[PDB]
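Going by the order they are written in, the chains are A, B, C, D, E, F, G, H and I; count residues from 1 in each one.
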Amino acid sequence: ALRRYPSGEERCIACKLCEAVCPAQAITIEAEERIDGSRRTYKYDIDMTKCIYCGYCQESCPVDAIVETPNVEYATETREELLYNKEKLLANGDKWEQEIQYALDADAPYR
Amino acid sequence: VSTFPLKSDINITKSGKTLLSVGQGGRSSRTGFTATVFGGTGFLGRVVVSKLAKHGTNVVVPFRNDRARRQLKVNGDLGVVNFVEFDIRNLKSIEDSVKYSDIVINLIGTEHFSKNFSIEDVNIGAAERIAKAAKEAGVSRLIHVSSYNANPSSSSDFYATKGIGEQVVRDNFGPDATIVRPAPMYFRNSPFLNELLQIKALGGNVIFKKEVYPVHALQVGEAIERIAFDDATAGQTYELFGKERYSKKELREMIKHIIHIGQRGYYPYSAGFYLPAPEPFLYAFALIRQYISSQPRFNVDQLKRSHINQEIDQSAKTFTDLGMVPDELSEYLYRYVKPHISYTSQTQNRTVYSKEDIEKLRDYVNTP
Amino acid sequence: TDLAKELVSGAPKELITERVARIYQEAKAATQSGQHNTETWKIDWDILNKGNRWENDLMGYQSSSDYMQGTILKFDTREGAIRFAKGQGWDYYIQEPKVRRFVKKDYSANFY
Amino acid sequence: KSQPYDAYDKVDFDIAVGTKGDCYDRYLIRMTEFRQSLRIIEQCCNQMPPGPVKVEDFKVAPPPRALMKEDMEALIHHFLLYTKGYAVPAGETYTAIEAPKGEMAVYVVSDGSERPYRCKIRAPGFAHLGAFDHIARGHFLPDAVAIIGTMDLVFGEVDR
Amino acid sequence: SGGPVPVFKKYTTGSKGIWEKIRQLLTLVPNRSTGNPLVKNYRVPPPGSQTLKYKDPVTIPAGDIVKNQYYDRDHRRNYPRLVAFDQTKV
Amino acid sequence: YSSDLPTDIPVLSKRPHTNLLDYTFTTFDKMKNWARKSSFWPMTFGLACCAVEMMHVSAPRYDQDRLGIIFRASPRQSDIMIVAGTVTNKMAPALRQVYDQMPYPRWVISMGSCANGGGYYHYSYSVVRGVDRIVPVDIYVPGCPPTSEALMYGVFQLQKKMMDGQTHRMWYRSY
Amino acid sequence: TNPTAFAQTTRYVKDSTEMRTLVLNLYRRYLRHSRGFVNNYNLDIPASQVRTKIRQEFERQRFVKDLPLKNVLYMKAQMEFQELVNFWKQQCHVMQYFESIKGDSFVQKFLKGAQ
Amino acid sequence: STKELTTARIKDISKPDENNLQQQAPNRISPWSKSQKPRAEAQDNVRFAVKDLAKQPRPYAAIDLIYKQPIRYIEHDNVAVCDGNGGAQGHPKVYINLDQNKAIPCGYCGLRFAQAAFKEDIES
Amino acid sequence: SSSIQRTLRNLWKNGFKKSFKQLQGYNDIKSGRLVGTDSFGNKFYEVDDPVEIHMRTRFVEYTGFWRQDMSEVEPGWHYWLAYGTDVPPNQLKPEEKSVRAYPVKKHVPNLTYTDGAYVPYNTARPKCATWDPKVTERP
């Protein structure tokens, strides 16, 4: 999931750390200057059929933008549904924000 | 198939769209075309869907059987093959299948009538509705597959409805509709060969006397690939047939020797490989099973068609107009009847029938 | 040297009759003052004129058909790179590295 | 015991040794190793010391996240460890550990870069299965199933 | 030495009252545990509800702000050199 | 030869039950769908680490047998094919043959990143990039490996799909 | 450890004349097993076409002159022979082996994209 | 008008409709990047033919939410310090100069900081 | 835990209607103290019975009677059910809650096997723009 700041702004600054670390090369990122001048991405894809669910992207994120929810019940009928774009990842972040906050408040001190 | 089906990487449709192909022509490549294959879960449909999707062309497959459509998706990459649950009695479902399509191939047709559909409804009503819906969606190309003996004045319901289907399609979609008249097609699990391979073929003296010009099913699907991507084929009629004429009795006896049913002299007669019955009895049995059996059996109309041989319309076009040489049944006969061989199992030596071996076997069959 | 080792390597014939490899020494990046990457000789293949990269319409992925697009061999000497390219029967060409001319540089020259 | 590693020299345990060299002896050894491992686990719980769990070297080990967001040098090391990695001095090694399957070893070749030049993985199951022909000859079919089980074969390890 | 341990000293759910007396009579080895973790002891504070306040542990010689020159502990760049002895040097 | 096709007859998945025969064949489908959903027999086809999580579904903690799930060693006696592991090019012909030997009705489950799209070995010279290149997949289970509950959730999704089958009502209304 | 069926001990032949005999001996073994290849893999072609295919593959290396290359070529041919006779190959591989098939003009490649 | 639905703009010339599925976001009509594909064009694909557009993921546009946050005005200091208002769970701490007579946003959060002496100039 | 006396106690506490619903999906008759409800409508309970085993002290009562879906559990209570914390989301401190600047809607479960399934698409424009043709007449 892709997370937001409490003000609603996206946490990711399109720094492309997660794309470089990813052992399976499951992350595709395209970025540019936003309309207002912010450093933001306009394309953030994760191939869930290619990811090995290893957490390197979460560890490398400097702003905690990309995280892994404790969710596992999202099996899909078609393989296309496992190709997450930015809209799917941002929606997941909004949907699972409360549960992610549970994990962060207990695991952040150990990081 | 080959490695790249299109003759050029840029194609302009009849509706004005410019389509650019990307890639060398593999699974990950694209042709820029989106096609709808009505009846893509049928015998010919699977061949057509496999050829279109293997080169990257987007295929929309309307379907009514949920389990039958699953094997079609393997042909193409992710997002290439799409499915729409449809019924010819649902106008909205048909209009959704052709909304994004540049090519519409109508493979819907039947030789039987059921409790829900008649021969007219599928061969004429379904074709007309698909053709008219395609034009209102601005589809550049429409391909309709009629039968080999399509004739609106024919005494057979199947041939007459196919003949009317050709005319009703051209009126609705327009002069830009291409019509294909394929001969009986031979292939793995082919209906033309399944009847011949059936051990207990009731009334073989009345049914297996029909003479046809069998054509390879892989070539028919290949021909449709040529027609769809070549705008020079619009508005034409294609008769797809083999060079060599065959009678079903010759094929039946030739197959009997390949299967080695005759290894035991008594067995073919005892097992019921010959079931001579009077035609009036076959008519009665076909009439009864039209309302008792829940599965499509040999019906009344097919009994009429046993007396009608395949006649070729000379004015129509052939494989030569598409730059192809028809495959010979003698070359491919062994590989398509091989699964039905009794024992084989590399016991002593497999008897592989080549092109010359099949032709010699034909002489033996006709030798008294 | 003269042995045609490509007959036993197992690589497809297209590597010989259709692809061109470049033997080169990496040039120093204009954004950095390091020269470590310029100490080794490398071999890569010229891109295919068609099908090197195309956009997958489903997700915008960079699709390709060039199987040598991501292969870069490393050599310690120029002679070793030539000997290996000749051994495999590859069609290649050498890009001679540019050498920087030496000019004396002293602080006194800021005024004289 | 032959080449102690990772605090195995600070715990007390015994090794079971068979005599007949058949499957039953190997079953008994693996049951003793069950209890000896439980013996070691108890000592590790009691003797767990305080201190860092990774090397205090931010050029190899990632810095803590809290220190990353406050220290300039921590951010640089965090950035470079995840984008370029850490370079390893040129050379080669053959490191082996007493894996549960047997002797598992890796032959890693370093070229001074951040990516291994060669990584040969030695699988005890790969060597065990190579002796299956020499061991299972003359036995019956159900004995082969026992011999396969007694070798503790995982084919990801074999086919790495 | 890891000798036999009574059942009540093991962190598993056991029997009570008459059902404990019956278990001792019928079981061949009465001191064995049932293997069901204690609901009131095992994982009762979940990892997400721990009250411990974690702090990063740092050693003094290598993690202090003074007397902590990095090259004094730069073992990676002080690796042993690779030396090969041929028949000439031997 | 006049054909008058109705235009607004809903498709089978939307078609309500109007006459008495609709409830008859829907009862026929539900009796079969319940039987196949309840008698969920996968085939023992463990390939790689994904199989370990598949074993823990049969473990006492989850006890797949409580739902009627029994693993069969022969394709003849199994109707569910769970591809749990990496499919290699050397293995792909064997996987296709085993799949073809399963009598109908049959379903295929793709578990783990290897079977879904290749996962860690996507760019390998000897790995198939997704089992769907060989056999049709009915449900994809994500994870590396998917947890024992992740696999059970995928099975529940498939059983939900199976209970919605209308094989015998399709013959009555669609054919 | 006993070697599998039809397994030969790898050897480096230092005589060109001896190498020619070994190739001829292996060439006849391929021809003798042509019918076995048809039976085991259930091919759609007669054994006569298999022998033509075997001859064509052998003729592709007829004019190889370097002796070290001959030893590798002979060794791999022995491995291929062992693979086919022992039915280690799947039937799909052998079918595709015999499923191997005037080039296009400059304009024909140009109009479609070429390579 | 399909011109506001397919062109990147700093502001939407009209009020966004939360029930309109052709907007880029429920709270924003136009896209906010020159390379961002318009949602209306993206949904005009063969794969959306029989798909309900309402249930598709439509997260709110972050560009419209961040500018609803009031400007933070700093008293008796020309430097603003921001770390995400979360500390260890925020972003790396950075220092923003406020000498210029305008609001300057954070490099990570996008929160805008300025001096109180420039409050009148900025608001007008 | 598998005793018939435990079932009889839960049968009495729950009643006929509650227990029969458990006899249709749960394959077990269980009773517990209500902890809260999610936006989708599911009810969550905690069991104080000493005879319950380690991993069976928390359970959900789904809204449906014939079919149950794990994805219908709200993300707020999904973590609590899996024993990730001892504080249910309805017992959360105001500072421990998530702050959303966007509105919140009803929980939406997994949408597979429906018409609402997620359809992937490219969020980026084509990297090259073709020339818009124009005609200028020569003098």
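Convention: contacts are C-beta pairs under 8 Å (C-beta built on N, C-alpha and C of every residue); 3 or more make two chains touch, one makes a residue touch a chain.
Asks: Tell me which of A-H and C-I has more C-beta pairs in contact.
Replies: A-H
Asks: Nearest chain to the global Cα centroid?
Replies: Per-chain C-alpha centroids ranked by distance to the global centroid put F first.
Asks: With centres defined as the mean C-alpha position, give me the chain B-chain H separation in Å.
Replies: Here chain B and chain H have centroids separated by 57 Å.
Asks: Distance-wise, how many Å sit between the C-alpha centres of chain C and chain G, to the nearest whole number?
Replies: Distance between chain centres: 35 Å.
Asks: So how far apart, in whole Å, are chain A and chain F when each is placed at the average of its C-alpha atoms?
Replies: 30
Asks: Please work out the Cα centroid separation of chain D and chain G, and write it as a whole number of Å.
Replies: 43
Asks: Which chain E residues reach two or more other chains?
Replies: Each of 47-49 in chain E touches at least two other chains.
Asks: Which parts of chain H, given as residue numbers and ranges, touch two or more other chains?
Replies: As it turns out, chain H has residues touching two or more other chains at 34-36, 45, 47, 50, 56-57, 59-60, 65, 68, 88, 90-92.
Asks: Spell out, as numbers or ranges, the residues of chain A touching 2 or more other chains.
Replies: Residue numbers touching two or more other chains: 4, 6-8, 30, 42-43, 62, 73-81, 83, 85, 87-88, 94, 102-103, 106, 108-109.
Asks: For the complex, give me every residue of chain F touching chain B.
Replies: Touch list, chain F to chain B: 1-13, 104-105, 132-136, 138, 165, 167, 170-175.
Asks: Show which residues of chain D lie in contact with chain H when the two form their complex.
Replies: Touching chain H from chain D are residues 65-66, 68-70, 75.
Asks: Can you check the complex and tell me which residues of chain A touch chain I?
Replies: The contact residues of chain A facing chain I are 4, 6-8, 30, 42-44, 69-71, 73-78, 80-81, 83-88, 94-99, 101-103, 105-106.
Asks: Where on chain C is chain I touching in the complex?
Replies: Going by the criterion above, the answer is residues 55, 57-60.
Asks: List the residues on chain F that touch chain A in their complex, please.
Replies: Going by the criterion above, the answer is residues 110, 113, 116-120, 122-123, 130, 132, 137-144, 146-147, 149-150, 153-154, 157, 161.
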